[PDB]
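Structure, as structure tokens:
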Amino acid sequence: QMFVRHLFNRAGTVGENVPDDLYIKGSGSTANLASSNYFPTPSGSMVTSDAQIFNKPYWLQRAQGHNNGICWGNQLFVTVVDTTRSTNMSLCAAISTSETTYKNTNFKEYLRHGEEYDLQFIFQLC
Amino acid sequence: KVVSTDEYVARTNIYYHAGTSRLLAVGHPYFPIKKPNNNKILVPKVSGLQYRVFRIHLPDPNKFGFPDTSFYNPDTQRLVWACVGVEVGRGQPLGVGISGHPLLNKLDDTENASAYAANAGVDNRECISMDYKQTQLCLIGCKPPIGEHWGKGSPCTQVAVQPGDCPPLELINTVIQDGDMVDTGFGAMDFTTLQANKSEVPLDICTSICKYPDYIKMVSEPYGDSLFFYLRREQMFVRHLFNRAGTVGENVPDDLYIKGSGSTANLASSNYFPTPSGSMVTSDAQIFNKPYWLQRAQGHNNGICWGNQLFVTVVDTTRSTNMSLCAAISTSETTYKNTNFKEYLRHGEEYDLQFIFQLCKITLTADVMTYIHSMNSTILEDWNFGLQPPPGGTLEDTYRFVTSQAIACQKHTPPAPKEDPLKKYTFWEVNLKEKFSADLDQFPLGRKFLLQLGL
Amino acid sequence: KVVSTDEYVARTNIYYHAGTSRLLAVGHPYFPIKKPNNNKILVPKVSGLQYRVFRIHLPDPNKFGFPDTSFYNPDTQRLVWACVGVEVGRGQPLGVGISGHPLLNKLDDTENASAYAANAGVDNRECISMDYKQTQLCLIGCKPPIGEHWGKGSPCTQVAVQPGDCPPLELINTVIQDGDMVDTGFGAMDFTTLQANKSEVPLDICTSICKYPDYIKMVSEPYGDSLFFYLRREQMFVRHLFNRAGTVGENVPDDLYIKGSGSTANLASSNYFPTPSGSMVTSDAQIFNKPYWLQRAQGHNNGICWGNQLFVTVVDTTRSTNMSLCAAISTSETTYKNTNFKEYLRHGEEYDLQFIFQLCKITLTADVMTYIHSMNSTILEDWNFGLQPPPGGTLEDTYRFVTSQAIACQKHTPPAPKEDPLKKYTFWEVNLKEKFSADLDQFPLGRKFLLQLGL
């Protein structure tokens, strides 16, 4: 799920020009056309518990596919994607435990993100 | 008096599956790219706001070669295709587009002002954009969909309109062709004819016409061939509020305010307008990639793909995101040169259809025939009734029959192919004549459907 | 003591369908367009905020010519129309309008300020707009709807109001006429009389009165003829917060703050006000284009279209989008000339109704009659009781009867047509006298309804 945060114009040079048959020539300031190549700012709205999809069990009893959970070659493929926990922590370390004044140059800023996972399954012999 | 197909149409225990491989279309989100001098479209306009219309072609049942042919009598009935299951495939990842106009007739933010607005110079339009109303929809019928919208209706022979004078209105019905524009949040009308301005709405729609399914009429249809199944999902709200620049067409009756004074003395445009905004899209919102069972229909026609034809009409903004791609002109300069890169805009659409059809026979008696004919001549005309031996008929007759019948196998194959009675219009053609199958088990829809019904 | 119609009203196994072809109305979203000198409305005000009221006229059952007439006895009862099914057709594509006022009494953004506001000069009003509260609703009855609102109530004989002095209030009931204004998010009142200012709200409502269904009273109704069915759907929130410019009517009790100082020394207006905003509209939100079965009703009257009359009252903002259309004055200049284009604003509304009616008979005995009369004279008066032969009556009587009866077929047709007891008011007239049918199968609603009930 997502929506439009903002709307912007792509800077650069016209790749394909706007057919004149779709407007009236400018004049003065307007005389010259502005880029028509716009683009939006995506925004995944707020996350919620009720929204959650993991930390829940999935029973693969029936499947619309011909293969019914037959881990051939004793192999398996779990593919996941979850933005819901994307918060990255900005951690900063100082270079000197002195100066009693905030020195922009006294601190190195870093960015880190972590992910916690754990899987579990049930298998039927066949 | 009309009646449900079920009356005259017989249902078989035969089912078949058919579906496109994978449809794809890519082009420009706002307009086609053609040679400046020429006209041949090098690149076509392609936006999530184009009405996707499919003319699904089916193989003639009667003409089809089946394994067993016992189930029915060709000397008393004809076969017809009946759809019962459909699934619309949407392949692109969910996302939103965004359109606008470099010189939209924007005046000023009417949403909130600190002090009175400036004065109208000339060419105050600006470059803006937005997210049209979020809309999902689809419908099917053996006949094509009919849209409604607004347009300049012919007037009366009186005051020969003074240039600039406001035009008259008229609701107009029209066959929703493939690629046409869906309401964006500005209504259904011929912007071209109604807005001489040519800068009241984003380009992609500036010179076009936004259409809306005249649901009503469609249903009012007696036979109800237009469409037997459908579902809509639209939603939107006010992003911004603006004033339309220009000159007063109709003035504000003084009896509705107190004269200004100084700066206020002169009235500002009252002709405001809003910025549409289709809110966020969601999975749970999704309407496609789901199967639709057309078992029952409130219409008289129950999925009787007459003429072995079909009409799937879809609309989905949910995946409108267009990608801005840029190419450089020189792999040199270690400094960003605005002039070193050409910017482009492209949008793609992923589609795939699939259906389930039940075979059907129709005993053709007088009344029957008649009704059909009356309903729609073609149907029969299209069919072919090989001459047959007259029952107990006079030897003379029978004889003649033979003769004629005999001289009917002279191998002469001069069958002048008919002409598309809708050649006029144009939409996405979908030939399926070679995609029918029985073992639906080999297909998702099949499986699903199958199991679903059970037997 | 009152009682459910079911008591005296007999229900038949007869059903009929009727519905408008397709109603359409187009005009100006804020006010009517009439000749400056004259008054004849060249163009009418047409907004999604106008209360749509329909006076649906039905053919007299008793006067109606039926195939079989056995089912009842005209010598003992009268026939009445009973609605049982209704569907409201909304044809325009979902969308939103937007209104405002070039000189609304806006002072300043009270939502958030960096430093204290300036000083009140004169004519600080501005040009703003907004999206009124989103509202869907409809109701029906054999009697017209009654709205409530605020107004200048007559005062008491005391302090002869000092000009400017605040006016007294009074809740007022009124018959919701067609076109009237629905609450926009500013309440129900006579802005005209209550706001001399003439710039406190968007024009389209500036000089009008916003009304609200006095649901309560309507239901409190004993017979409950006003309305037997309805449903409402309103929602809205605060877009912005503003200060009302002008002069303090009532001053702020000092015991509620500390005196200012310098810039602050002088108090700013405390009379704030908000910007209404009907949030986004959605399909799932939709309330029309759906059928309504009036099988049971908590009211005493159960869809007894008395006088073969009906009242469908609707309100739907969901399709308010008005289109700004512009025409140029000269097809020359290759430069945008603000003065070369006339701007206009238009809005259209698509409607279509449909219903199902059950025929009903009513054995008329004393008590019966009485009750009815007491309930509402007219009903009977309106009906006609052709003289009949007195049972076992003295030959003399019988004789006289004959005579009179005989001299009653003198072909003299001088029946002075009655007068609309509500001529005063005016709403959308809907004649159906020639739209009744039996084979509902030929109609959607029919089918639906039919199948729905089953039998």
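Chain identifiers are assigned as A, B, and so on, following the order in which chains appear in the structure tokens; residues are numbered from 1 within each chain, and ligands are numbered from 1 in order of appearance.
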
Going by DSSP on the backbone, which residues of segment 104-251 of chain C come out as helix (DSSP H, G or I)? List them as a ChimeraX atom specification.
/C:191-194,203-206,215-220

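Selected on chain C by distance to chain A: residues 334, 335 and 336 of chain C (within 6 Å, counting only C-alpha atoms).
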
As an MDAnalysis selection string, please: the residues near segment 97-110 of chain B (cut-off 6 Å, only C-alpha atoms, same-chain neighbours under 5 positions excluded).
(chainID A and resid 34 36) or (chainID B and resid 125:131 199:200 202:203 241:245 320:322) or (chainID C and resid 128:129)

Determine which residues of chain A receive a DSSP assignment of strand (DSSP E or B), computed from the backbone, and state them as a ChimeraX atom specification.
/A:2-9,13-14,38-43,89-94,107-112

Any chance you could export the current selection's N, CA, C and O atoms as a CSV table (one decimal), in the first residue's frame?
chain,number,residue,atom,x,y,z
A,2,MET,N,0.4,2.3,-0.6
A,2,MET,CA,1.2,3.5,-0.7
A,2,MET,C,0.4,4.7,-1.4
A,2,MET,O,-0.6,4.4,-2.0
A,3,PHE,N,0.9,5.9,-1.2
A,3,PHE,CA,0.3,7.0,-1.9
A,3,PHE,C,1.3,8.1,-2.2
A,3,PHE,O,2.5,8.0,-1.9
A,4,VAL,N,0.8,9.2,-2.7
A,4,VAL,CA,1.6,10.4,-3.1
A,4,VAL,C,1.9,11.4,-2.0
A,4,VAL,O,1.0,12.1,-1.5
A,5,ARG,N,3.2,11.4,-1.6
A,5,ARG,CA,3.6,12.4,-0.6
A,5,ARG,C,3.7,13.7,-1.2
A,5,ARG,O,3.0,14.7,-0.8
A,6,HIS,N,4.6,13.8,-2.3
A,6,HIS,CA,4.7,15.1,-3.0
A,6,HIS,C,4.8,14.9,-4.5
A,6,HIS,O,4.8,13.8,-5.0
A,7,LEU,N,4.8,16.0,-5.2
A,7,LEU,CA,4.8,16.0,-6.6
A,7,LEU,C,6.0,17.0,-7.1
A,7,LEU,O,6.0,18.1,-6.7
A,8,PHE,N,6.8,16.4,-7.9
A,8,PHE,CA,8.0,17.2,-8.4
A,8,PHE,C,8.2,17.1,-9.9
A,8,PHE,O,7.7,16.2,-10.6
A,9,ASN,N,9.0,18.1,-10.3
A,9,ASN,CA,9.4,18.1,-11.7
A,9,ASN,C,10.8,17.6,-11.8
A,9,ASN,O,11.7,17.8,-11.0
A,13,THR,N,16.9,18.0,-19.5
A,13,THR,CA,16.5,18.5,-20.8
A,13,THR,C,15.4,17.6,-21.5
A,13,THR,O,15.5,16.4,-21.4
A,14,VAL,N,14.4,18.3,-22.1
A,14,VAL,CA,13.4,17.6,-22.7
A,14,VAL,C,13.8,16.5,-23.7
A,14,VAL,O,14.7,16.7,-24.5
A,38,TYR,N,7.0,15.3,-14.7
A,38,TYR,CA,6.9,15.2,-13.2
A,38,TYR,C,7.1,13.8,-12.7
A,38,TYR,O,7.2,12.9,-13.4
A,39,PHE,N,7.1,13.8,-11.3
A,39,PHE,CA,7.2,12.5,-10.6
A,39,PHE,C,6.8,12.7,-9.2
A,39,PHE,O,7.1,13.8,-8.6
A,40,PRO,N,6.3,11.7,-8.5
A,40,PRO,CA,5.8,11.7,-7.2
A,40,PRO,C,6.7,11.2,-6.1
A,40,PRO,O,7.6,10.4,-6.4
A,41,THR,N,6.4,11.5,-4.8
A,41,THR,CA,7.1,11.0,-3.7
A,41,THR,C,6.3,9.9,-3.1
A,41,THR,O,5.2,10.2,-2.6
A,42,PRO,N,6.8,8.7,-3.1
A,42,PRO,CA,6.1,7.6,-2.5
A,42,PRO,C,6.0,7.7,-1.0
A,42,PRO,O,6.9,8.4,-0.4
A,43,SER,N,5.0,7.1,-0.4
A,43,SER,CA,4.8,7.1,1.0
A,43,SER,C,4.0,6.0,1.5
A,43,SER,O,2.8,5.9,1.4
A,89,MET,N,18.7,3.1,13.1
A,89,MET,CA,19.2,4.0,14.1
A,89,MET,C,20.4,4.7,13.8
A,89,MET,O,21.4,4.2,13.3
A,90,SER,N,20.4,6.1,14.0
A,90,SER,CA,21.5,6.9,13.7
A,90,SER,C,22.3,6.9,15.0
A,90,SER,O,21.9,7.3,16.0
A,91,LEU,N,23.5,6.3,14.9
A,91,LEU,CA,24.4,6.3,16.0
A,91,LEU,C,25.6,7.2,15.8
A,91,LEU,O,26.1,7.3,14.7
A,92,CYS,N,26.0,7.9,16.8
A,92,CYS,CA,27.1,8.8,16.7
A,92,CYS,C,28.1,8.7,17.8
A,92,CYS,O,27.8,8.4,19.0
A,93,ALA,N,29.4,8.8,17.5
A,93,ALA,CA,30.5,8.7,18.4
A,93,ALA,C,31.3,10.0,18.3
A,93,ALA,O,31.4,10.6,17.3
A,94,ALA,N,31.8,10.4,19.5
A,94,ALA,CA,32.6,11.6,19.6
A,94,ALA,C,34.0,11.3,19.4
A,94,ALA,O,34.5,10.2,19.5
A,107,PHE,N,31.9,15.1,16.4
A,107,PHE,CA,31.1,13.8,16.3
A,107,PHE,C,31.0,13.2,14.9
A,107,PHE,O,30.7,13.9,13.9
A,108,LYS,N,31.2,11.9,14.8
A,108,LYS,CA,31.0,11.2,13.6
A,108,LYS,C,29.7,10.6,13.6
A,108,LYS,O,29.3,9.8,14.5
A,109,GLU,N,28.9,10.8,12.5
A,109,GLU,CA,27.5,10.3,12.4
A,109,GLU,C,27.5,9.0,11.5
A,109,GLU,O,28.1,8.9,10.5
A,110,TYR,N,26.7,8.0,12.0
A,110,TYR,CA,26.6,6.8,11.3
A,110,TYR,C,25.2,6.3,11.2
A,110,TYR,O,24.3,6.8,12.0
A,111,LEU,N,24.9,5.4,10.3
A,111,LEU,CA,23.6,4.9,10.1
A,111,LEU,C,23.6,3.4,10.1
A,111,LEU,O,24.3,2.8,9.3
A,112,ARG,N,22.8,2.7,10.9
A,112,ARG,CA,22.7,1.3,11.0
A,112,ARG,C,21.3,0.8,11.1
A,112,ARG,O,20.4,1.4,11.7

Once you count only C-alpha atoms, which residues of chain B turn out to be within 6 Å of chain C? Could you give them as a PyMOL selection string?
chain B and resi 110-111+116+122-123+163-164+185+194-197+233-237+246-249+257+268+270

For the residues selected in the previous step, produce a file with C-alpha atoms as a PDB file, in the first residue's frame.
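Written out: selection16.pdb:
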ATOM      1  CA  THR B 110      -7.882  29.794  -2.534  1.00  0.00           C
ATOM      2  CA  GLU B 111      -7.427  27.355   0.334  1.00  0.00           C
ATOM      3  CA  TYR B 116      -6.080  39.771  -1.049  1.00  0.00           C
ATOM      4  CA  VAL B 122      -1.547  37.640 -18.588  1.00  0.00           C
ATOM      5  CA  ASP B 123      -0.448  34.009 -18.789  1.00  0.00           C
ATOM      6  CA  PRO B 163     -17.939  34.605 -29.056  1.00  0.00           C
ATOM      7  CA  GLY B 164     -16.868  33.653 -25.556  1.00  0.00           C
ATOM      8  CA  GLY B 185     -11.508  13.619 -10.769  1.00  0.00           C
ATOM      9  CA  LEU B 194     -15.601  22.607 -23.720  1.00  0.00           C
ATOM     10  CA  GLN B 195     -12.273  24.086 -22.722  1.00  0.00           C
ATOM     11  CA  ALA B 196     -10.881  26.205 -25.518  1.00  0.00           C
ATOM     12  CA  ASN B 197      -8.368  27.324 -22.892  1.00  0.00           C
ATOM     13  CA  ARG B 233     -14.164   0.874  -7.061  1.00  0.00           C
ATOM     14  CA  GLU B 234     -13.481   4.585  -7.133  1.00  0.00           C
ATOM     15  CA  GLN B 235     -12.509   7.022  -4.404  1.00  0.00           C
ATOM     16  CA  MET B 236     -10.913  10.473  -4.176  1.00  0.00           C
ATOM     17  CA  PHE B 237     -10.755  13.778  -2.312  1.00  0.00           C
ATOM     18  CA  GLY B 246      -9.190  34.410 -16.879  1.00  0.00           C
ATOM     19  CA  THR B 247     -12.177  36.677 -17.356  1.00  0.00           C
ATOM     20  CA  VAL B 248     -15.573  36.490 -15.697  1.00  0.00           C
ATOM     21  CA  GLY B 249     -18.026  34.642 -17.913  1.00  0.00           C
ATOM     22  CA  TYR B 257     -22.275  40.757  -1.008  1.00  0.00           C
ATOM     23  CA  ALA B 268     -11.386  38.296  -7.419  1.00  0.00           C
ATOM     24  CA  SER B 270     -15.076  33.214  -7.861  1.00  0.00           C
TER      25      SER B 270
END

Please compute the atom CA of residue 37 of chain A-atom CA of residue 10 of chain A distance, one decimal, in Å.
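We find that atom CA of residue 37 of chain A and atom CA of residue 10 of chain A lie 5.6 Å from each other.
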
From the set A:1, A:123, A:20, A:88, which residue has the shortest atom-to-atom contact distance to residue 74 of chain A, counting only C-alpha atoms?
A:123

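For residue 374 of chain B, the list of residues within 12 Å, based on only C-alpha atoms and with local chain neighbours fewer than 6 positions off taken out, reads residues 1, 2, 223, 366, 367, 368 and 380 of chain B.
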
Pull N, CA and C atoms from the residues just selected and write them as a PDB file, in the first residue's frame.
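Output saved as part_36.pdb:
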ATOM      1  N   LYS B   1     -41.917  -9.131 -25.244  1.00  0.00           N
ATOM      2  CA  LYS B   1     -41.463  -9.617 -23.904  1.00  0.00           C
ATOM      3  C   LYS B   1     -40.142 -10.388 -24.016  1.00  0.00           C
ATOM      4  N   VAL B   2     -39.168 -10.009 -23.192  1.00  0.00           N
ATOM      5  CA  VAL B   2     -37.855 -10.648 -23.203  1.00  0.00           C
ATOM      6  C   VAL B   2     -37.747 -11.736 -22.151  1.00  0.00           C
ATOM      7  N   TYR B 223     -32.399  -6.817 -23.058  1.00  0.00           N
ATOM      8  CA  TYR B 223     -31.660  -8.047 -23.270  1.00  0.00           C
ATOM      9  C   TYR B 223     -30.451  -8.050 -22.350  1.00  0.00           C
ATOM     10  N   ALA B 366     -39.521 -22.333 -34.498  1.00  0.00           N
ATOM     11  CA  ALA B 366     -40.043 -21.076 -34.990  1.00  0.00           C
ATOM     12  C   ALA B 366     -39.813 -19.993 -33.943  1.00  0.00           C
ATOM     13  N   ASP B 367     -40.795 -19.853 -33.056  1.00  0.00           N
ATOM     14  CA  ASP B 367     -40.769 -18.872 -31.978  1.00  0.00           C
ATOM     15  C   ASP B 367     -39.338 -18.617 -31.562  1.00  0.00           C
ATOM     16  N   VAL B 368     -38.636 -19.697 -31.249  1.00  0.00           N
ATOM     17  CA  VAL B 368     -37.246 -19.602 -30.860  1.00  0.00           C
ATOM     18  C   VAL B 368     -36.608 -18.660 -31.857  1.00  0.00           C
ATOM     19  N   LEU B 380     -28.262 -15.609 -36.144  1.00  0.00           N
ATOM     20  CA  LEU B 380     -28.665 -16.672 -37.047  1.00  0.00           C
ATOM     21  C   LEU B 380     -27.938 -16.526 -38.370  1.00  0.00           C
TER      22      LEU B 380
END

In terms of the shortest atom-to-atom distance over only C-alpha atoms, which of C:378, C:370, C:173, C:62 is closest to residue 74 of chain C?
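Checking each candidate against residue 74 of chain C, we get C:62 as the closest.
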
Contacts of residue 408 of chain C within 10 Å, only C-alpha atoms, excl. fewer than 6 positions in-chain, as a compact mmCIF listing (two decimals) with N, CA and C atoms, in the first residue's frame:
# COMPACT_ATOMS: atom_id res chain seq x y z
N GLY C 386 -69.65 5.91 -6.42
CA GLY C 386 -70.81 5.96 -7.29
C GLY C 386 -72.01 5.47 -6.52
N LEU C 387 -73.12 6.18 -6.64
CA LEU C 387 -74.34 5.79 -5.95
C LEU C 387 -74.60 4.30 -6.21
N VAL C 402 -82.54 4.76 -8.87
CA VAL C 402 -82.52 4.56 -10.31
C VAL C 402 -82.50 5.91 -10.99

Given the choices C:382, C:221, C:165, C:68, which gets closest to residue 419 of chain C if the distance is worked out from only C-alpha atoms?
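The answer is C:382, which sits nearest to residue 419 of chain C.
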